[PDB]
There are 2 protein chains.
Amino acid sequence: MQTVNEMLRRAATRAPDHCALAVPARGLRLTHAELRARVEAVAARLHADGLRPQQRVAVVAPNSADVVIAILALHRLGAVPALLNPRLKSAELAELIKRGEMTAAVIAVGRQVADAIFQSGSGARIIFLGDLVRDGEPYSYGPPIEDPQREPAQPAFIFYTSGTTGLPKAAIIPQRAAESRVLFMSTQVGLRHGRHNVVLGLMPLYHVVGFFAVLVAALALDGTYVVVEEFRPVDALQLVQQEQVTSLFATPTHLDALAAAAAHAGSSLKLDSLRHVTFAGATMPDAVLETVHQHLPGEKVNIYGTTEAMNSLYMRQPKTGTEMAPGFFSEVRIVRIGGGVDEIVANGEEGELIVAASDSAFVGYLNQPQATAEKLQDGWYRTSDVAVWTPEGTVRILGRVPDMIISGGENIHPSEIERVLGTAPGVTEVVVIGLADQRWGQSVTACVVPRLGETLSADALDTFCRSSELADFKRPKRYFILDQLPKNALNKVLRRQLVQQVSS
Amino acid sequence: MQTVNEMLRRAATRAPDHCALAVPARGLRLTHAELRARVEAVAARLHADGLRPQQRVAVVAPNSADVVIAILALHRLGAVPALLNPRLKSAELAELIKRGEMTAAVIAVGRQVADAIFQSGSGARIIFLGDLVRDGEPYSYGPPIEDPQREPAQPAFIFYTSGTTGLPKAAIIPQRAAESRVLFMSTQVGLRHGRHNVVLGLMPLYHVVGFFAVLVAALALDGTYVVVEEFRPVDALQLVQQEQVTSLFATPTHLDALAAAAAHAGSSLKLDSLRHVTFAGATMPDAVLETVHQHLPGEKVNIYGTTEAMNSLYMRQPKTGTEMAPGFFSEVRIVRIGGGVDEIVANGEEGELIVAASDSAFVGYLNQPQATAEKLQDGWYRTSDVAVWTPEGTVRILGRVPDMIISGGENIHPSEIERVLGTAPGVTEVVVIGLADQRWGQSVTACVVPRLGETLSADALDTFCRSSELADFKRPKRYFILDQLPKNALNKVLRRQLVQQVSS
Ligand SMILES: O=C(O)c1ccc(Cl)cc1
Ligand SMILES: O=C(O)c1ccc(Cl)cc1
């Protein structure tokens with residue numbers, strides 16, 4: 001295998017004096033040889049404080065040069081970084097660090113997060129990020145340390161994933177998973193080795209795409225990673241010109257902003273250097289996509305993946321954000337929902353997407369054997385996504401199994417109804433849920449938020465739906481117009497709490 | 001890891017009804033699902049005849065659909081194919097099959113080769129290729145067989161390499177080596193996954209490039225491999241148009257022919273679909289390269305590699321065939337000649353190119369522990385090539401360590417002098433060797449073959465050399481004009497026998 005550290009170490013030998021990491025707003029520039037030395041120093045400093053291999057260290061920080069240095073330093077040492085979204089609630093972050101028996105936690109949030117975990121009964125050395133490294137410049141003591149032996153199945157990094165239940169599950173990513181979690185950006189997306197590679201880091205480092213597909217890939221290809229502490233669409237496009245960005249990987253939301261900005265700021269900004277615009281577009285509306293083809297340069301590549309298996313499907317120059325086909329490393333099936341992994345659907349029926357659990361796959365959820373059992377079955381990973389095989393021989397992602405509504409025999413996907421109702425005039429936000437019914441089985445219900453100052457009516461929305469493409473059985477039976485939808489801290493609809501709020 | 005079989009098996013699930021293998025002259029077309037079934041049938045047939053995993057089977061055949069089927073069948077079974085050049089002498093092929101204690105040998109050469117090995121005292125079941133599979137159509141009996149467990153360090157394939165000594169050494173290629181032996185065609189050369197991939201198979205299957213970089217890559221990327229039984233330049237260009245070839249990998253000699261043909265047959269042939277023209281150009285003269293840029297389409301990529309480690313250096317759009325830089329998977333050093341692996345040269349001095357021995361590296365030479373010891377040292381593979389670091393921070397390949405001449409302090413590379421003298425009028429072939437001298441140390445000597453009917457003189461060639469770029473000390477001290485140069489069967493100059501022939 002080739003580990004993260006080993007990928008970066010090799011790169012460092014090939015391109016020691018080439019720009020590795022840049023914060024152009026902060027004026028910070030680090031070469032491959034320079035970054036490595038800082039990684040080596042922070043590692044040996046963390047080791048001098050008694051940190052050992054296989055020990056789990058939580059990392060809670062927004063994107064920065066220093067957090068990259070820290071995460072890679074922790075990895076070079078032998079420790080296992082557990083990367084956590086800083087936008088999570090203080091109590092949630094504290095519980096997950098307790099849950100995971102972490103040795104220490106590297107933090108660059110407020111003092112309230114530090115207090116919360118300090119008084120949670122955890123046993124985790126609070127390490128402030130600025131104590132370890134600040135503005136690329138590390139605080140370092142002790143001699144150069146040893147590079148420990150790494151085994152393929154051995155834990156390397158921990159990333160968190162939002163299950164149906166409650167608290168995020170901690171997916172353990174083995175050493176051998178790094179290569180294919182990087183190289184799909186080459187085989188699917190078309191990146192190649194070379195110092196031409198300039199990669200805009202719009203994706204958070206706590207997410208696997210942000211880490212493997214963007215940071216590590218950028219470095220492993222002997223290119224440069226452009227740090228972004230905070231996203232702003234016109235600023236991001238300026239960095240594209242100013243830094244000669246070759247590829248960007250971003251969410252549907254960023255790309256909506258970025259393409260709209262690429263309209264207001266037209267041929268003022270030169271975006272020619274950008275050759276790859278990549279995204280997870282399963283939940284990207286057809287309008288945003290159309291906007292992206294019209295107004296943004298470079299090859300557009302839609303990417304389907306999960307924290308647990310990384311990349312499973314893709315599409316070059318996509319006409320629709322839902323339909324994709326498996327690429328290199330991947331093997332996929334669609335099976336009857338709730339059935340065994342060998343129960344392939346009638347090739348027109350709907351079922352759960354499962355993907356082979358090989359090199360890139362996680363080795364389980366930390367301290368959650370039951371959840372692991374529901375997800376890793378007989379060499380397959382269960383996505384929990386509903387899909388169908390199309391006439392063109394491709395896979396169309398319909399929605400999540402837990403979000404699926406069934407109203408009297410016919411399966412119904414709220415994401416479809418949400419896209420239609422979201423185009424209705426005066427609608428700013430819509431979630432469709434199924435209320436319990438003992439006649440239809442489940443009654444499809446729309447919960448709709450009006451635009452500022454506007455009023456909606458159940459009648460007008462029904463009339464709108466009746467004009468749309470929706471088959472009769474899919475039309476909502478009931479509407480609730482709401483001031484707001486209850487959402488967690490980060491930052492999605494609670495389809496359990498809403499259903500309860502809809503009753504009493 | 002991801003083995004050859006496992007790469008091809010996965011591809012088969014992703015693109016079962018897509019064209020996998022084509023012999024357009026013979027009208028033969030095989031899809032991924034179809035090829036796999038034939039691979040499965042020939043495997044189970046070979047197993048029904050008592051062949052077991054880890055058993056070594058020699059394969060001696062020119063390129064064909066059937067030999068691809070056979071090699072992959074043998075691999076799917078668990079056996080270890082030992083791929084041997086059919087142009088080798090009967091006695092040499094027989095000795096190497098004895099040397100390697102092969103269980104059986106799959107042959108599609110004359111009866112003389114079959115007789116030779118039959119009466120060599122080997123113990124190897126002579127299997128004619130047409131007994132196993134003919135025109136894609138297999139001869140099959142027995143039930144479907146088991147897929148055996150494969151370990152990373154375990155032997156998978158054996159390829160032969162021409163050492164300095166005599167008989168070709170048998171390099172053992174481990175299971176874990178296949179991925180990076182394929183994926184460098186993505187990271188360095190820029191191939192991506194997709195059914196657009198149409199790959200012209202001009203490289204012999206007995207060579208690692210021909211096998212991993214061309215055949216396996218073509219299939220593993222869900223593309224098509226275009227079989228060629230016999231190379232002809234105008235015919236090869238026709239297949240480029242007719243089959244919409246996206247990439248070709250070929251020798252300097254093919255590319256000389258192909259580009260010259262691309263002149264005589266001009267805009268008659270559409271070569272637009274061709275996007276990658278790849279080659280090992282270390283020994284490609286500057287004229288052929290110039291010709292290749294002027295007259296052939298697609299991105300030109302120079303590739304340096306060895307049977308033992310696969311890809312170690314490369315160059316996009318090369319201006320010179322000698323200068324290259326390491327890509328993904330690779331780590332390289334230049335060390336003092338004959339010294340330890342940690343003896344880096346003064347970054348302007350000449351030394352031996354060594355490359356890190358990692359995943360892609362061979363695990364030794366079969367039944368040759370001494371040779372293995374000279375080549376795998378402390379985690380590095382010794383190329384036996386002399387190189388220097390250039391001002392631009394790249395590696396310039398100068399020539400082979402065994403071919404190096406030293407004439408009174410100054411190191412001299414016969415390949416340089418050969419390129420100059422090869423441009424001299426009336427020269428059809430030139431080899432420069434160093435004769436033993438106890439005053440200069442070694443005396444540089446040119447052995448030169450005149451063009452048909454032409455006469456050369458030592459004086460005229462000396463005058464030509466004196467007009468050229470050659471520094472005074474590099475000029476040959478003596479000339480031997482010869483009717484022919486003694487060459488082995490396949491098909492290179494014997495720098496030991498010539499030196500002897502030059503004396504008495
Ligand atoms: O979590 C995701 O959405 C995700 C994870 C991995 C990939 Cl490659 C793409 C998307
Ligand atoms: O043997 C060779 O010349 C050779 C082997 C491997 C590569 Cl990638 C390139 C060239």
Side-chain angles (χ1 to χ4, degrees), chain A residues 85 159-162 168 171 173 177 180-185 187-189 203-204 206-214 217 249-252 278-284 301-314 324 326-327 329-330 355 360-362 381 383-385 397 400, chain B residues 85 159-162 168 171 173 177 180-185 187-189 203-204 206-214 217 249-252 278-284 301-314 324 326-327 329-330 355 360-362 381 383-385 397 400:
Chain A
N85 188 343
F159 291 82
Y160 290 74
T161 191
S162 216
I173 314 295
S180 65
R181 287 176 177 252
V182 164
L183 286 179
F184 86 92
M185 290 295 287
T187 59
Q188 273 71 103
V189 175
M203 286 299 286
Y206 63 76
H207 192 276
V208 294
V209 167
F211 185 70
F212 296 101
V214 176
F249 200 137
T251 68
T278 330
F279 47 92
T283 68
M284 171 187 277
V301 177
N302 198 8
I303 286 289
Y304 173 88
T306 69
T307 286
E308 293 87 344
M310 205 74 180
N311 181 48
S312 277
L313 302 173
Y314 83 120
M324 282 170 282
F329 306 113
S330 308
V355 317
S360 80
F362 78 131
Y381 170 70
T383 65
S384 289
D385 280 318
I397 302 296
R400 295 221 76 86
Chain B
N85 188 343
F159 291 82
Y160 290 74
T161 191
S162 216
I173 314 295
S180 65
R181 287 176 177 252
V182 164
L183 286 179
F184 86 92
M185 290 295 287
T187 59
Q188 273 71 103
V189 175
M203 286 299 286
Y206 63 76
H207 192 276
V208 294
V209 167
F211 185 70
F212 296 101
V214 176
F249 200 137
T251 68
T278 330
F279 47 92
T283 68
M284 171 187 277
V301 177
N302 198 8
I303 286 289
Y304 173 88
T306 69
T307 286
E308 293 87 344
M310 205 74 180
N311 181 48
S312 277
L313 302 173
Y314 83 120
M324 282 170 282
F329 306 113
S330 308
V355 317
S360 80
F362 78 131
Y381 170 70
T383 65
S384 289
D385 280 318
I397 302 296
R400 295 221 76 86

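Quick note on labels: first sequence line is chain A, next is B, and so on, each numbered from 1. Every number for a ligand or one of its atoms is a count from 1 in the order of the listing.
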Short side-chain donor-acceptor distance under 3.5 Å, B/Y381 and B/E308 = yes
N/O donor-acceptor pair under 3.5 Å between B/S330 side chain and B/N311 backbone = yes
Just wondering, do B/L313 and B/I397 contact through their side chains at under 4.5 Å, heavy atoms?
-> yes
Let me know which protein residues bring a heavy atom to under 4.0 Å of ligand 2; chain then number is fine for ordering.
-> B/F184, B/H207, B/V208, B/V209, B/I303, B/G305, B/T306, B/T307, B/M310, B/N311
Residues that A/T251 engages under side chain to side chain donor-acceptor pair (under 3.5 Å), provided they are two or more places apart | A/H254
Provide the closest heavy-atom pair for B/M310 versus B/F212 in the form atom of the first, atom of the second, distance.
-> CE-CB, 4.1 Å
Non-hydrogen side-chain atoms of A/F159 and A/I173 separated by less than 4.5 Å = yes
